[PDB]
Visitor: 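First the structure, which I've put down as structure tokens, then a few questions once you've had a look.
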Amino acid sequence: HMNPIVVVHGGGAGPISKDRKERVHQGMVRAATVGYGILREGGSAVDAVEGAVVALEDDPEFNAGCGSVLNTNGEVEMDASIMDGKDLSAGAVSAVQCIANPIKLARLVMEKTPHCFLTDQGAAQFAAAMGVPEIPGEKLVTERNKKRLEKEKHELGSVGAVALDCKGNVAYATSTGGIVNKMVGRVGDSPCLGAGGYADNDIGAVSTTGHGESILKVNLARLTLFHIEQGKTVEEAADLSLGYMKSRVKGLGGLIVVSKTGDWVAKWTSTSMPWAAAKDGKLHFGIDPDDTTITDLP
Amino acid sequence: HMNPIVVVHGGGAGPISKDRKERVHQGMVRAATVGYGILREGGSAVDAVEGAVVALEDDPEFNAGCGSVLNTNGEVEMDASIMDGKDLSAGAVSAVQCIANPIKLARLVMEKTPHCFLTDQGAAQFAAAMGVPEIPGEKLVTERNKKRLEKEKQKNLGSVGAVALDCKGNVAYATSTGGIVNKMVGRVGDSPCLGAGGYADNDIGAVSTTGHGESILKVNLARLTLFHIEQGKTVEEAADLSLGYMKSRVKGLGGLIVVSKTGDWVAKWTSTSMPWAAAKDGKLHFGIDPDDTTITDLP
Ligand code: NA
Ligand code: NA
């Protein structure tokens with residue numbers, strides 16, 4: 001049987017201050033631990049990435065769940081998606097408001113409905129009948145996010161995880177608040193199968209982050225896979241696809257990928273992308289290029 | 001300069017009833033002629049795909065705008081998307097109501113925002129603010145469809161779209177749908193979603209798709225087709241393969257239309273029927289079933 005692995009990422013974004021790097025280090029290791037945990041018990045690729053993403057949704061350092069950036073109206077409107085490489089079963093939501101964990105609801109969409117994509121008010125109604133707790137806006141809002149909003153007015157990207165399990169299934173999960181002063185009801189790549197992620201057992205899985213208009217226009221995650229189906233290393237593929245994204249539509253960001261045969265990589269063309277990976281009891285972490293650290297992980 | 005072409009498609013599903021065939025014909029004809037009149041007057045491919053799909057939106061006989069299916073509480077919710085092949089520029093709208101032309105609203109998203117994709121109340125607000133009219137939601141609601149919803153109490157009647165190659169060698173697609181009848185509030189399918197409902201790139205071509213929304217999304221059918229044309233596959237060979245893999249892998253059935261950078265084109269489907277029409281070299285081709293392909297002169 002396979003050796004399981006989880007890979008996680010934060011924003012493919014600008015350079016991050018070195019106090020915020022510490023809470024970022026700890027948050028990444030956390031999400032990674034919840035996913036590896038579940039795996040190491042022979043659990044599924046789907047639950048692990050869901051585990052991991054959920055831990056970054058509940059952390060206000062990251063641009064997903066609580067700590068989601070604010071739209072034009074200073075409100076949190078969130079996107080998330082999930083996919084299982086075995087059946088290509090999938091679930092997603094756009095523009096959801098007033099809940100803790102948009103990624104759970106994507107998973108609720110994947111397994112309770114014969115659809116794959118619910119948005120704004122219809123997602124919010126599905127939530128009610130699944131009894132998702134509806135909570136006030138402020139509980140997701142951080143004082144940092146109000147400040148940053150007046151900055152781009154008076155003139156931290158997606159989060160995600162990929163996994164391979166001890167059975168050989170892969171999955172991806174993605175979630176985000178979108179972007180600062182985004183138009184109302186703006187939908188990013190994070191809920192667009194192929195763009196914000198893809199998962200196929202006969203290939204591998206990918207979670208992306210960056211400029212989401214760019215990402216959607218090149219189908220960045222499925223493109224990364226196209227390079228692997230042509231038999232490139234995982235490294236090369238990400239580099240062709242990220243490299244295509246730069247040269248064709250002037251777009252920066254990054255992605256994490258795991259192929260069906262065990263290998264995995266975290267690459268980016270933006271400045272920094274927090275990331276972590278947990279395989280064989282070692283944990284791999286980093287933010288800036290060629291700055292990795294390996295630790296041990298129970 | 002290349003000879004321009006435009007292909008249009010209706011929904012890719014079960015057989016049409018005799019009483020509708022000539023109605024569907026009249027729709028496909030006017031939508032293709034319209035689009036090719038844009039291409040006759042030096043028009044852009046984006047302009048060509050847009051107008052051919054407005055036709056279909058306007059026509060009560062097709063599942064988009066006027067005549068879209070109803071969701072489970074009896075209302076119309078519409079998705080559309082459009083893409084410029086030159087710079088990969090795009091716009092999309094999901095779950096929109098009470099506007100007459102969603103494809104037209106998708107165009108404004110591409111043109112007049114920092115964003116590729118808008119949804120729901122956001123989309124209402126943006127349409128309203130850009131001078132798009134409000135129309136009683138009752139006007140998109142037709143009789144044929146009321147009897148489908150009550151009866152269902154799900155049928156995948158489909159989507160309409162278009163692809164075009166304009167005289168400069170630019171490609172484009174537009175896809176629009178009312179979706180699957182009886183749907184949950186807020187269900188979005190393949191049509192607004194780039195790489196699935198359609199994809200356009202000057203480097204390879206343009207595709208638009210129809211069928212079961214969820215399956216086209218899963219295998220990313222439009223982009224998947226263009227991957228194979230990249231590999232050497234002809235437009236017919238790639239449609240075969242991309243549609244075969246959706247059939248084997250997820251057991252979805254649909255159709256597509258595709259036009260290459262050279263102006264090679266095909267209509268292909270694995271569903272029983274798919275209304276399609278093309279205009280090219282002063283000629284108007286049209287089928288619904290396999291082998292019925294008529295080819296009359298276009299004046
Ligand atoms: Na968060
Ligand atoms: Na119509």
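Within every chain, numbering begins at 1; the chains are lettered A, B, ... in the order of the sequence lines, protein sequences first and strands thereafter. Because only heavy atoms are used, hydrogens play no part in the values below, and waters and symmetry mates are left out as well, while side chains stay in.
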Visitor: With respect to chain B, which residue among A/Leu223, A/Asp120, A/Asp202 yields the maximal number of heavy-atom pairs within a distance under 4.5 Å?
Guide: A/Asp120

Visitor: Measuring from B/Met184:CE to A/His115:NE2, what's the distance to the nearest 0.5 Å?
Guide: 5.5 Å

Visitor: Contact part of A/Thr113 toward chain B, heavy-atom cut-off under 4.5 Å: side chain, backbone, both or neither?
Guide: side chain

Visitor: Among B/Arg223, B/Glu230, B/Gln231, B/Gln121, who wins on heavy-atom pairs under 4.5 Å with chain A?
Guide: B/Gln121

Visitor: Over all heavy atoms of both residues, which pair between A/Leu118 and B/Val185 is shortest? Give the atoms and the distance, please.
Guide: CD2-O, 4.0 Å

Visitor: Where does A/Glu213 contact chain B at under 4.5 Å (heavy atoms): side chain, backbone, both or neither?
Guide: both

Visitor: So which part of A/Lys250 gets closer than 4.5 Å to some heavy atom of chain B, the side chain, the backbone, both or neither?
Guide: neither

Visitor: Mind listing the closest non-hydrogen atom pair of A/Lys217 and B/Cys116 along with its distance?
Guide: CE-SG, 3.4 Å

Visitor: Below 4.5 Å from any heavy atom of chain B, which atoms of A/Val93 appear? Answer side chain, backbone, both or neither.
Guide: neither

Visitor: Please name the pair of heavy atoms, one in A/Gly194 and one in B/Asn220, separated by the smallest distance, quoted to 0.1 Å.
Guide: CA-OD1, 4.0 Å

Visitor: What's the shortest heavy-atom distance between B/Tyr199 and A/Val218, and which atoms?
Guide: OH-CA, 3.6 Å

Visitor: Could you have a look at B/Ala123, B/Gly186, B/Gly122 and say which one has the most heavy-atom pairs with chain A under 4.5 angstrom?
Guide: B/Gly186

Visitor: Would you find more than 12 non-hydrogen atoms of other residues, nucleotides or ligands less than 6.0 Å from B/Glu134 atom CD?
Guide: no

Visitor: Just wondering, more than 12 heavy atoms not from A/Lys182 lying within 6.0 Å of its NZ?
Guide: yes

Visitor: For B/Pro192, is it the side chain, the backbone, both or neither that has a heavy atom under 4.5 Å from a heavy atom of chain A?
Guide: neither

Visitor: Go through it in stages, so that I can follow the logic: the residues are B/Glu77 and A/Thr119, the test is side chain to side chain contact (heavy atoms under 4.5 Å, CB included), and I'd like the CA-CA distance, side-chain angles, deciding distance and then a yes or no.
Guide: CA-CA 11 Å; B/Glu77 278 183 295; A/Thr119 191; 5.8 Å; no

Visitor: Calculate, to the nearest 0.5 Å, the distance between atoms OG and CZ belonging to B/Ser94 and A/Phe117 respectively.
Guide: 6.0 Å

Visitor: Can you tell me which portion of B/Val188 sits under 4.5 Å from chain A's heavy atoms? Options are side chain, backbone, both or neither.
Guide: both

